[PDB]
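Novice: give me coordinates for this.
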Amino acid sequence: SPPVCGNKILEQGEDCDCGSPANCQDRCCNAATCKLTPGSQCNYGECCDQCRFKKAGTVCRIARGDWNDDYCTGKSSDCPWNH
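Specialist: Numbering: from 1, shown residues only. Below is the structure in question.
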């Protein structure tokens, strides 16, 4: 495989230093630019999947059981518990 531009990110995937050439200027990741590329709303997180926010309604968390449930809002990298 190509050279890990920025070393295989050990916790990024868009954050920076993607390293993994599979994303180095392609998979919404900048391994040569230490950052995420256009189209990527979020590098990663509760409301971050692939290259966009987890469409509102995507349960990312939940307190204990099922009352309000934690759901994404498709407008942020965070998923509110709805509490």
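
Novice: residue 64: neighbour count?
Specialist: 5 (other C-beta atoms under 10 Å). Yep, even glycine has a C-beta here, placed from its N, CA and C like the rest.

Novice: and residue 54, what is it in contact with?
Specialist: Listed by C-beta atoms under 8 Å, 6 or more residues apart in numbering, the contact partners of residue 54 are 46, 47, 48, 60, 72, 74, 79.

Novice: same question for residue 67.
Specialist: Contacts of residue 67 by C-beta under 8 Å, 6+ apart are residue 83.

Novice: any idea which element it lies in?
Specialist: Here residue 67 sits in a region with no helix or strand, counting by DSSP states H and E.

Novice: how much space between it and residue 39?
Specialist: To residue 39, residue 67 is 35 Å away according to C-beta to C-beta, to the nearest Å.

Novice: give the contact list for the spatially most central residue of the chain.
Specialist: Centroid-nearest residue in the chain, with C-alpha atoms, centre = their mean: residue 44, separated by 1.9 Å. By C-beta under 8 Å, 6+ apart, the residues touching residue 44 are 12, 13, 14, 15, 77.

Novice: could I get those residues as JSON lines with neighbour count, secondary structure and distance to residue 54?
Specialist: As requested, those are exported to JSON lines (neighbours: other C-beta atoms under 10 Å; DSSP: H, G, I helix; E, B strand; the rest coil; distance: C-beta to C-beta, whole Å):
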{"residue": "12", "neighbour count": "23", "secondary structure": "coil", "distance to residue 54": "18"}
{"residue": "13", "neighbour count": "19", "secondary structure": "coil", "distance to residue 54": "15"}
{"residue": "14", "neighbour count": "23", "secondary structure": "coil", "distance to residue 54": "14"}
{"residue": "15", "neighbour count": "17", "secondary structure": "coil", "distance to residue 54": "17"}
{"residue": "77", "neighbour count": "15", "secondary structure": "coil", "distance to residue 54": "9"}
